[PDB]
Amino acid sequence: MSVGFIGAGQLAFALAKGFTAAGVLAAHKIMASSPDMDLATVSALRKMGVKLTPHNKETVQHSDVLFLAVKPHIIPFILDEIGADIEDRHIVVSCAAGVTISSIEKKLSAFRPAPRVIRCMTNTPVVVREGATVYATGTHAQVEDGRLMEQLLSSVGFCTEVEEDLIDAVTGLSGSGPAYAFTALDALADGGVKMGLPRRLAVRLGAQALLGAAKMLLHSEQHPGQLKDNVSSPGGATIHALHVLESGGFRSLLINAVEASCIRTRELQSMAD
Amino acid sequence: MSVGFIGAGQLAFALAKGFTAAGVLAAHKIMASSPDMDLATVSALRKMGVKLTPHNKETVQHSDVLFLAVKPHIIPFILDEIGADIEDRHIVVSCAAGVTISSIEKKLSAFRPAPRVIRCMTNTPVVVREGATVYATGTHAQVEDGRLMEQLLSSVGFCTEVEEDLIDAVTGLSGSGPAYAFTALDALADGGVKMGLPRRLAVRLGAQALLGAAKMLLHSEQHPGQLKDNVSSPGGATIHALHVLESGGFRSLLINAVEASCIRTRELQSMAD
Amino acid sequence: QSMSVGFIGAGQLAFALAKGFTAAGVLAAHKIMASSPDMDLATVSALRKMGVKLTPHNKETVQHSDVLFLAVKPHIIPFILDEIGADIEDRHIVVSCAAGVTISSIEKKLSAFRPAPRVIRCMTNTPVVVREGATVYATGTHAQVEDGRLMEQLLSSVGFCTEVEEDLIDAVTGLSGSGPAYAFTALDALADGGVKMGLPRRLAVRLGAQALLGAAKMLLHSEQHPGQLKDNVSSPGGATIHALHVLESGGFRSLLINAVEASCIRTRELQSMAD
Amino acid sequence: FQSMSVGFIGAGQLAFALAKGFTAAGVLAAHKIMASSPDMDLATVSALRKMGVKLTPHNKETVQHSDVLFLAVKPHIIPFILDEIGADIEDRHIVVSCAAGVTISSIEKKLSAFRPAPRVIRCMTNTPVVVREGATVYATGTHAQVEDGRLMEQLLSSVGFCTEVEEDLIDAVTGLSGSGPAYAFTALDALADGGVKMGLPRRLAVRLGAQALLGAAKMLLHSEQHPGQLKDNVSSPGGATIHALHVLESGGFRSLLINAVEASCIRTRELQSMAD
Ligand SMILES: O=CN1CCC[C@H]1C(=O)O
Ligand SMILES: O=CN1CCC[C@H]1C(=O)O
Ligand SMILES: O=CN1CCC[C@H]1C(=O)O
Ligand SMILES: O=CN1CCC[C@H]1C(=O)O
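Numbers on residues come from counting from 1 along each chain's written sequence, not from the entry itself, and any residue without coordinates is not displayed. Just so you know, chain letters begin at A and ligand numbers begin at 1, following the order they were written in. Readers should keep in mind that the chains presented make up only part of a larger assembly and that every value pertains to that part. In computing side-chain values, all of the structure's heavy atoms are included and hydrogens and water are not. Residues with missing side-chain atoms are left out of burial classes, side-chain pairs and their counts.

1. Description of the UniProt feature "binding site: NADPH" in chain C
Reasoning step 1: UniProt positions are given in the numbering used here, feature names are shortened, and annotations may be inferred rather than shown by experiment. Here the UniProt-annotated "binding site: NADPH" positions come out as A10, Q12, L13, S36, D38, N58, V72, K73, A99 and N232 of chain C. On the basis of their most widely separated C-alpha atoms, the annotated residues across 223 residues do not gather in one place, lying as much as 53.2 Å apart.
Reasoning step 2: Inspection of the secondary structure puts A10 of chain C in the loop between β1 (5-8) and α1 (12-24).
Reasoning step 3: Buried means the residue's accessible area, taken with a 1.4 Å probe over protein chains only, is under 20% of the maximum for its type, while exposed means over 50%, and partly exposed covers the values in between. Taking the relative accessible area as the measure of exposure, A10 of chain C reaches 17% and is therefore buried.
Reasoning step 4: In this text, helices come from DSSP runs of H or I with a minimum length of four residues, and strands from runs of E with a minimum of two, each type numbered from the N-terminal end. Mapped onto the elements of the fold, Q12 of chain C is located in helix α1.
Reasoning step 5: Among the residues examined, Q12 of chain C registers a relative accessible area of 35% and is labelled partly exposed.
Reasoning step 6: Residues contacting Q12 of chain C, with those up to four places away along its chain left out, are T126 of chain C together with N233 and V234 of chain D. Contact between two residues is taken to exist if any of their heavy atoms lie within 4.5 Å; hydrogens are not considered.

2. Examining the packing of aromatic side chains
What characterises a pair of aromatic rings is the spacing of the ring centres plus the angle enclosed by the ring planes.
Reasoning step 1: Within 6.5 Å between ring centres, the rings of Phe, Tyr and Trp (the latter by its six-membered ring) count as paired, and their orientation is classed by plane angle as stacked under 30 degrees, edge-to-face over 60, tilted in between. Enumeration according to the criterion identifies 13 aromatic pairs over all chains in this entry.
Reasoning step 2: Aromatic pair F252 of chain C and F253 of chain D: ring centres 5.6 Å apart, planes at 5°, arrangement stacked. Highlighted residues: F252 of chain C in helix α12 (residues 252-274) and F253 of chain D in helix α12 (residues 253-275), drawn from two different chains. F253 of chain D matches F252 of chain C in its accessibility class, with the two residues each being buried.
Reasoning step 3: An aromatic cluster is built from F5, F19 and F67 of chain A, whose rings are joined through pairwise contacts.

3. Let's talk about the site of ligand 1
Reasoning step 1: If even one non-hydrogen atom of a residue comes within 4 Å of a molecule or strand, that residue is called near it. Near ligand 1 the following residues occur: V231, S233, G236, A237 and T238 of chain A together with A97, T171 and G175 of chain B.
Reasoning step 2: The environment of ligand 1 is shared, with nearby residues belonging to chains A and B.
Reasoning step 3: For this analysis, a polar contact is any N or O atom pair within 3.5 Å, provided that within protein one partner can donate a hydrogen and the other can accept it, and provided that sequence-adjacent residues contribute only side-chain to side-chain pairs. Interatomic distance of 2.5 Å between a side-chain N/O atom of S233 of chain A and an oxygen atom of ligand 1.
Reasoning step 4: Within the backbone of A237 of chain A, a nitrogen or oxygen atom sits 2.9 Å from an oxygen atom of ligand 1.
Reasoning step 5: When contributions to the shell around ligand 1 are tallied by element, the ones reaching two or more residues are α11 (237-247) of chain A together with α7 (167-175) of chain B.

4. Concerning the site of ligand 2
Reasoning step 1: Near ligand 2, the surroundings consist of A97, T171 and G175 of chain A together with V231, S233, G236, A237 and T238 of chain B.
Reasoning step 2: At a separation of 2.5 Å, an oxygen atom of ligand 2 approaches a polar side-chain atom of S233 of chain B.
Reasoning step 3: The contact in question runs from an oxygen atom of ligand 2 to an N or O atom on the backbone of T238 of chain B, over 2.9 Å.
Reasoning step 4: Looking at the shell around ligand 2, the elements that each hand over two or more residues are α7 (167-175) of chain A together with α11 (237-247) of chain B.

5. Focus on the side chain of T122 of chain A
Residues and elements named next belong to chain A.
Reasoning step 1: With respect to the secondary-structure elements, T122 resides in the loop between β6 (116-121) and β7 (131-137).
Reasoning step 2: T122 sits in the buried class, given a relative accessible area of 5%.
Reasoning step 3: Polar contacts involving the side chain of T122 include one to the side chain of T133, which spans 2.8 Å.
Reasoning step 4: When residues no more than four places from it in sequence are discounted, the contact partners of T122 are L11, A132, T133 and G175.

What follows is the structure, given as structure tokens:
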């Protein structure tokens, strides 16, 4: 099979790099297109083996699965540019935040009547094949289309099917989650440096701490609260540090963040509607 | 070689499980001892293949490397119990928080004059072989002793040598860090549930988000701030969520936490001095 | 070259551009004119001693200028356009500096007189006066391609300048348009802190200003983003990382984000209020 | 001073920044500069090599081939350096400590155990010397000749602002201009986040924020006004800027920067007293 990318943002690069690292796709069977392709990401993808072109039309003509990794504002402009080139073989996979299956199908249906559409919310760590992906199938997607999507995106991380009305919430949690983590890792590093550690060592240890904790959770049947309980010894350093987190309302800020991101995602649909 | 554990807390179990999963030690070459061994962790370690005993003395007699995974309060009581049994072959590895190499050597030197002592700060994710470990070598540790320690603890995570005066700070960062992460994952899950996701899915996606983000950081040369910049698209959901984190002082709470844990660790030394 | 520049309005922004353009030597002699209803005598004196021609009639500036800067308050823009509208000619480039006011609304006023007014909208800031301004501009629907290039070269002589899409200008206003006032507020507070710890006020003002200029210049001359530079200069256990913690505890970052957003939102309100 | 050699004990960020500024200003030949450091596997050590600076692992070699000696090491290393090279300090030497908090008195006391009249200067500079826009103060020790202080004023003025102060002000200077660039990097990172939130590309938001701050600082430096008057001058009635100033005030923005200068100054004083 052949995969194409319309758009060349951080996400298209991350997916193409994950797919090739996963060995599920010969990078020569990947094509990308952009309006502005920087001399870096161009040389990044050209050194990767990904054929490029500045015309979205050529990418559609040589690709089977079409990932749309463009800003939600640009999706309808793209769809009306390539809709005449959409064939029956194509599966159109929108990664745009908020943009609904219905709006994409209604644009494409003006050309050929049964577009096969999938909507997905994934994230940048597909680049190291630890992405978190959900997807919903559209009204003309054959059953095999969803199984293919599940197989392909599982090669670069966790992936599961959801009902479309959960995707804005998923965007607030795992779509934006890596930025929450980078912010937390920056701050944990500042705390390590304050108490005397070299910056390099502080960044490394904070990151390894988070990675091991998350893997511990993924590999147990327990919820986060029981694990917190398990590792907080009576009277110890850790329970003292947890108290100062609670005193600033640490937990509510992360709830606030998921909510704010989910709500903004819904606005990005409405503004594009 | 043969490894022994004095104490059977969450840490001794986590290390023994990591070592056996790593295949660096035949679990029959691991011995553990505890004052109170619960019928679970006993059956956990007995099903694992680890020989047990309720006498610390037998564990010393059949082990080469001796991990002391007991509360800092109990260390000097242990040392005066086993000090007469310490032989020239033994390497004594203290995992206790705050307890200094000097205090351990001064206890053991009352018996035989050149105890080989190592101090380390590791964490529970060694159980899934993603620990974060630092260690400092004592005044009679041969050079090979530190290289052995580095090899053994690298089989269950990241490991590096540090000067002893950084270890209290490391405790505040990666020693306590998993609890910070479990707290954050609990709260991120509450945020996902608030916006409509099933609890199971919310826990899974938050954890995968954190793991992928941390792996992304470990696999780039960049610091956390540049990665935050890379994934925050103009006007998007993520930058909106980051603002609400900043408005609650999210960053300062994690700095507060590392500081509080490091300071409490120093108190645990002084109270034991 | 042979080109002439005119200012309608004589507030602090128009003064700052006239002074910066003359310090740049980018125009021939006597090529700058400015007009206003009630110009204060100091501004009259300063501009006159600068070589800038002055007149109370906006029509005179229009008639002797090729590039026309409108540096008046957004509320005043519709009245000026009604006054000068019949005097706008094909050769003219109308550059609006008013916050919020859209190219669309300017072209709509001017088109009732002549059909194809050449309009550019820009957001610049006061430090053009020392040739370190930050300027963005957007071109209107009847601007020739050479009009944007002319504007770029002109405003580059007094600072950074780049073209943007018009829908970014409100956000630029919140960042570099209001930026200098955020900096003056910060420098006043840093000086207060220096004085609290025992420095003379004069020394505290100078040191804080020099620290901010040096820091901004470091960033401009590196490929790095600010986060990496913060990491580079915060030594373990040191005085600087201790002070960064107290900034974080008060949510220092969130306040500057709040400021950019508040200025951008108010700028959007200044368009609609005119519309 | 086309004949004098400059030496750096320490080859870190400050040493690189000064050496780069000194050579960029043409005030010193790079081959007249020598630096020593504990470990050579530093990015700063490699950059010094490429600049033409001579590097050595032995502090005593630096001492023996330099006339002006910059101590660019952490405060708690100063007493260890002074014990190592004290016997090699000759009469021609000017010793310039850049360490935060460490007093002239403590440096002279160590060196005087060897030769009796060490010429010592204490300074507090900052990283922007690397683009020749540093902010520097210095105080002269009890055996410094009058030409030593004016030589110091001459050398450091080539990489930014420089003035002599009484020593009891240097801890305060550290909290203001020593730590100052870090306050600005934090402020620039947040302003860029603000620009991005409102729809600007990140690269453009970084560029515009930096240019705004540079131009503001230069405006202030080039007037006789204090910052308050300039804030008044650029804040038009009912406008976007004054609305934004109000939200800064509502979070106590001014008090946070006062808190910062104070916290850095207090920590600098602790760094001395710990070493004492
Ligand atoms: O209880 C957990 N931990 C991990 C670091 C040391 C110990 C403590 O909290 O004191
Ligand atoms: O910019 C990053 N992301 C990830 C989720 C969607 C997009 C956004 O912020 O709008
Ligand atoms: O680390 C940076 N600096 C600049 C001033 C002194 C030193 C410190 O923070 O202690
Ligand atoms: O008053 C100052 N300024 C600078 C940006 C625009 C204008 C305003 O605040 O509305």
